[PDB]
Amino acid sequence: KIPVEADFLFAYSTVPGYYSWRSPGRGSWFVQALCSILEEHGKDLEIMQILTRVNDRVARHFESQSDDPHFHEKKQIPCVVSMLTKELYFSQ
């Protein structure tokens, strides 16, 4: 007998109550990052290790640019919610 809510993983692009950024010419921050890490370690790293490197890349390599002083130089941090019960690897 296992919890009906078990084994779910939500990888949100941002934390609760916050905005999520997207550069119109390159795509959203969260996805650019997610893909870089995945095409590079999607098959050799555990999911949480991957999503953690994604949080870091988003938080470090991005900063909003806008002619609107209010939305100028803002930052972002993704949010991973895991109800997983084992380690996850996309291989073998």
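Position 1 is the first residue in the sequence shown; the rest follow in order.
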- request: Read off the CA B-factors in the entry, average them over 65-73 and over 18-26, and name the higher stretch.
  value: 65-73
- prompt: Among the modelled residues of its chain, does the C-alpha B-factor of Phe90 lie in the lowest, middle or highest third?
  reply: highest
query: Looking at the C-alpha B-factor of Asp56, is it in the lowest, middle or highest third of its chain?
result: middle
field: Within-chain third of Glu46 by Cα B-factor, per the entry
entry: lowest
